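Presented below is the structure to which this report refers.
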Amino acid sequence: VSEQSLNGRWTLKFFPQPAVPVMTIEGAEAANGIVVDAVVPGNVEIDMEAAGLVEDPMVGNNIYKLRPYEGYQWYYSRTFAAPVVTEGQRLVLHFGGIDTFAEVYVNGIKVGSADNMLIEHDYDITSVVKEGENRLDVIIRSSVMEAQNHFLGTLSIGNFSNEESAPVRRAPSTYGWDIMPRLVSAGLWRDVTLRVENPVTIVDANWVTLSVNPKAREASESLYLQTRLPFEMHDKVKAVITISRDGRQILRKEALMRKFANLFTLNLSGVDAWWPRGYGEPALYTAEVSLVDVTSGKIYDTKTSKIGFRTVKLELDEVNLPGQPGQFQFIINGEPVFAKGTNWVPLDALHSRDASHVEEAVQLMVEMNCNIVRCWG
Amino acid sequence: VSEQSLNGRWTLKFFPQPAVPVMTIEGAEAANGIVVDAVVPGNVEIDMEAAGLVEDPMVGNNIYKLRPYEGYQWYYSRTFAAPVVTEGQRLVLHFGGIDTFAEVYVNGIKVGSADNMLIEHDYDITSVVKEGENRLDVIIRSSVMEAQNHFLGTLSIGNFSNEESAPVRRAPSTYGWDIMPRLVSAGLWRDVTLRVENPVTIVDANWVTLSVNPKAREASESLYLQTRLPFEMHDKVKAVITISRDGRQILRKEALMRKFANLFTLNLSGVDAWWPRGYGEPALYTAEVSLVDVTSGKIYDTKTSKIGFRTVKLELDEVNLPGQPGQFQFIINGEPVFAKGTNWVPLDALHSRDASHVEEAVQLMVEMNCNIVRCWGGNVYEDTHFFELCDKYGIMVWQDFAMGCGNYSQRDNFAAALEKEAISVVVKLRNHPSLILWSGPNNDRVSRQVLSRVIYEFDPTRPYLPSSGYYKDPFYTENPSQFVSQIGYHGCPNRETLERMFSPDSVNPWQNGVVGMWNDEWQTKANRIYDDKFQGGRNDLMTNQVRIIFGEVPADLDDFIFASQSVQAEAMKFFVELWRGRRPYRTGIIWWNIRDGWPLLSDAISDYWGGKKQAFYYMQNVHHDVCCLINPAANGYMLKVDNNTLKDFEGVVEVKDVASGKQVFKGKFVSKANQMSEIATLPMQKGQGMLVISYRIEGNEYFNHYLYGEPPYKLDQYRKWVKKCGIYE
């Protein structure tokens with residue numbers, strides 16, 4: 001129905017982590033720490049430099065001066081107006097990125113516990129949200145100290161990746177590499193939003209290119225659609241599939257929703273294939289699917305994404321060193337492409353600034369004419 | 001000690017499921033619904049038709065009128081007197097079948113949560129039962145809505161099995177198939193009882209045939225006995241094993257119970273082996289084990305079951321397509337048996353009526369002389385009595401695990417729910433001699449790990465197989481599989497069935513008299529899972545087959561029924577004769593199918609109401625233990641005789657043309673045991689016609705026929721050939 005954003009100014013209170021880490025709001029407020037203004041999405045080091053508490057780590061040996069903060073806790077807090085929810089609607093609190101181990105409270109009620117900085121986190125706060133001003137509190141603990149909650153196997157010690165990185169789900173380069181500095185950091189480094197979902201909603205729209213014929217401008221595309229559908233809405237809701245490019249509608253298919261999960265296959269004509277750089281055009285088509293009430297015409301949900309009709313196959317060599325690394329070739333749309341490109345390292349040691357560099361960084365590959373890029377583990 | 005039954009009249013309250021499903025008694029009573037009388041075991045649709053709330057779903061398009069109830073909840077409730085329990089005794093509440101997701105309360109205390117309609121459910125209500133009147137409440141929620149509690153993998157969407165069937169443990173055919181209608185249903189479809197167990201009780205009595213020597217009438221049988229035994233009862237209780245047959249005691253062994261779990265081996269003499277139909281007698285022996293007090297003589301528990309001394313081995317081919325499907329042969333008691341039988345589909349879309357059809361349905365296989373039956377994975381697991389009849393009548397059982405067409409989840413939740421189901425079904429059925437095989441891209445955790453590990457630990461005696469329009473077309477006649485699952489041919493049911501399941505105006509198939517078009521009712525009885533109005537599809541399989549064999553489609557209804565049934569009769573007979581005549585390479589044939597589970601237009605040879613189609617009688621004559629048949633040859637036809645027994649037979653076979661009466665062949669034959677024998681190469685006949693195969697063995701006249709020539713045939717002429725032949729009617 002809507003997506004209210006919770007980005008902006010938050011309250012950040014940081015303090016050294018005690019022997020028993022702080023998990024509750026009472027302990028976080030009782031702890032003796034410093035309170036400064038914070039920006040979400042952001043990194044805690046950015047908020048402290050804005051407060052004049054840390055020097056610029058990009059200059060000289062200032063990076064080492066952030067060392068004590070690896071054992072600090074970080075208490076994000078803000079208020080928010082609750083969006084309007086009607087009966088059957090669900091209120092979801094969405095985190096694009098929590099770095100890392102945090103307890104999330106809404107109006108003093110714990111709604112989740114995060115432990116992976118690389119994936120999104122969604123919590124159903126429908127039953128805990130209140131009318132009017134609400135409170136949202138996130139209490140992050142030390143990622144480095146979290147490693148001492150595990151016993152490492154022999155093979156996990158002594159590698160180039162830090163031992164602290166082995167038992168936790170974080171970016172290994174944040175602990176230090178030969179190309180990226182050590183800067184564990186913390187904070188809400190991606191968007192925080194409030195989402196309202198109708199009882200009839202799209203759970204997943206999976207687009208799959210079954211086959212492609214670039215010469216005949218044909219393609220067979222599959223849509224694996226999973227939805228949330230109350231049984232009173234079975235046979236009363238229809239799926240509206242729409243393929244278009246540059247405003248011109250290529251296909252509009254309608255089908256009655258009789259199940260919650262369906263597979264739709266579309267045999268398309270006059271459609272171009274997606275090619276990497278040099279081997280043709282990167283033809284993209286707008287693929288939209290909406291759940292519409294058959295009687296009232298109400299649109300309950302709409303999922304839109306730009307897809308490309310393309311097939312990928314990895315032809316492995318069977319003579320010259322069969323099974324050894326590098327003995328393969330990518331087969332795109334049946335053609336053996338020659339890959340030329342770069343390795344993708346972190347865009348910023350403070351990863352909340354990543355999104356601000358993607359445009360410039362991708363444009364480097366466009367000028368370089370890379371047809372491939374490997375996002376480094 | 002005792003087993004009090006809780007079957008009978010219950011109170012059923014149904015209501016649409018809210019956004020938050022009802023899980024408690026307070027919410028169930030607070031919900032606004034309808035209360036009617038219910039029968040247990042039963043289906044909720046049966047109770048509502050008894051209340052006059054739903055029309056007969058077996059007639060016309062009434063099946064679609066049950067659609068809203070797939071999103072309903074069902075509140076079973078009844079009172080019961082508590083049986084007398086003494087100290088140490090346990091009171092167990094037994095459910096034979098809960099369909100499906102239900103919360104079970106006894107005196108307002110939740111005693112269990114069910115989530116598998118195919119296995120039993122037992123709850124210890126000893127600490128919650130009260131003296132006097134007790135209350136038992138079962139709150140079932142929507143099975144269809146339960147699917148939306150899961151995220152399906154890519155390979156679970158788009159298969160023939162419904163997406164709603166993928167994440168739940170139910171019979172996949174209940175959501176709709178091409179042979180069974182969509183009817184999710186709900187309720188307590190099997191027995192509900194109260195069981196009292198002594199502190200000394202038998203947990204499991206596993207009977208295993210180690211070896212058998214049919215000639216010397218010897219067998220080595222193992223008893224894996226697990227018991228519940230208080231340590232104060234160790235060395236004070238004895239196990240009394242008893243093997244008997246027809247009242248005569250064969251062996252009585254006694255042993256002091258010094259442990260809770262023991263293995264007993266019995267070397268028996270003067271005991272006959274269990275054989276499938278044709279290969280000998282289905283010899284069954286009553287095997288009883290009792291735990292008796294050494295001093296007081298008190299019998300604490302007794303487990304009795306009829307077992308059969310039999311060994312099963314699956315010899316897999318290693319030359320002709322090694323590893324491909326169908327390249328195997330069953331080795332029963334050391335002998336390579338040739339399997340002939342049918343696929344087992346649901347006995348009823350409302351599965352509480354299954355038990356009422358087992359006797360009649362199994363008797364169809366006995367008349368058909370099937371020595372094997374494959375229980376299809378789209379169906380529920382049949383109860384104990386079905387296997388008892390298969391044990392008694394010598395019909396081997398191929399058991400699929402309840403898995404439908406498509407790939408399933410590879411995660412821990414589905415594996416754990418399936419492991420619990422497989423362990424439960426294996427322990428329950430592993431003692432039946434009729435059961436001979438378990439059956440489940442080569443990286444599927446379900447078939448290559450979960451199910452295989454269960455068989456490895458709980459049934460190491462049976463093989464496990466991870467298997468997940470002219471009838472003379474080379475598509476059929478050039479099948480490379482030694483063990484074939486024949487697809488089956490469509491056949492219009494007997495006229496009486498049409499007038500019973502169709503509206504009077506819809507008995508005739510042609511809508512507005514147009515030959516080529518079916519009305520909306522015949523399209524429904526072609527299994528149209530959802531009421532989407534179209535024309536064509538599966539129903540065209542009927543008229544297409546009649547057109548290939550007889551040229552045109554008869555406008556007259558009775559002319560169409562006989563024609564469509566004759567096509568199915570000749571086609572299915574040809575398949576059985578073609579595989580029996582291609583031994584020893586061909587090792588078995590299982591065809592689709594002997595009986596329908598709903599009044600429908602299907603490829604089965606007998607309908608839900610017992611109407612045997614023309615194909616049933618044709619198949620009967622080519623299912624004999626010793627059958628004289630004719631196969632097509634390179635330059636004519638080959639008269640042959642197939643032996644599915646262990647004994648040799650002599651006889652005389654005569655081959656004659658129907659119309660002309662000219663004797664084509666007559667001579668003596670020697671049918672060597674457990675093999676097919678060529679008798680003579682018959683010269684090719686002119687044009688169309690039909691031959692008569694008359695053979696006598698041991699003073700018994702058996703009959704068969706062969707339709708020669710190429711289609712299309714003249715329906716009136718073919719009817720004249722069958723009439724003059726005097727084999728069928």
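Worth knowing before you read on, the calculation uses all heavy atoms, side chains too, and leaves out hydrogens, waters and symmetry mates. Below, chains carry the letters A, B, ... as their sequence lines are ordered, and counting in each starts from 1.
- Both the backbone and the side chain of B:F151 come within contact range of chain A, each with at least one heavy atom under 4.5 Å from a heavy atom of that chain.
- No part of B:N159 comes within reach of chain A, as not one of its non-hydrogen atoms sits under 4.5 angstrom from that chain.
- Nearest heavy atoms, A:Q226 versus B:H150: OE1-O, 4.3 Å.
- Looking at B:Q17, neither its backbone nor its side chain comes within 4.5 Å of chain A, counting heavy atoms on both sides.
- Contacts between A:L229 and chain B at a heavy-atom distance below 4.5 Å involve backbone atoms as well as side-chain atoms.
- What you find for B:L152 and A:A261 is that their closest heavy atoms are CD1-CB, 4.2 Å.
- Put simply, CZ on A:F264 and CD1 on B:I157 are 10.5 Å apart, with the number rounded to the nearest 0.5 Å.
- Atom CG of B:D532 has more than 12 neighbouring heavy atoms from other residues, nucleotides or ligands inside a 6.0 Å radius.
- With sequence neighbours left out, the salt bridge (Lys or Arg N to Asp or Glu O under 4.0 Å) criterion links B:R411 to no other residue.
- Proximity to chain A involves both the backbone and the side chain of B:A147, based on heavy atoms less than 4.5 angstrom apart.
- Contact annotation for A:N206: only side-chain heavy atoms (C-beta onward) come within less than 4.5 Å of a heavy atom of chain B.
- Of all residues in residues 195-204 of chain A, those placing a non-hydrogen atom less than 4.5 angstrom from a non-hydrogen atom of chain B are A:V203, A:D204.
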- prompt: Where do A:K259 and B:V144 land on the side-chain contact (heavy atoms from CB on, under 4.5 Å) test, with the steps shown first?
  reply: CA-CA 9 Å; A:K259 316 174 311 216; B:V144 164; over 6 Å; no
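- Contact tally against chain A (heavy-atom pairs below 4.5 Å) for B:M145, B:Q148, B:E70: the top residue is B:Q148.
- Interface remark: A:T227 contributes backbone atoms only to the contact with chain B (heavy atom separation under 4.5 Å).
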message: Could you go through B:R67 and A:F231, starting from their C-alpha distance and side-chain angles, then the distance that decides it, and tell me whether this counts as side-chain contact (heavy atoms from CB on, under 4.5 Å)?
response: CA-CA 10 Å; B:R67 166 72 154 179; A:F231 194 80; 3.9 Å; yes
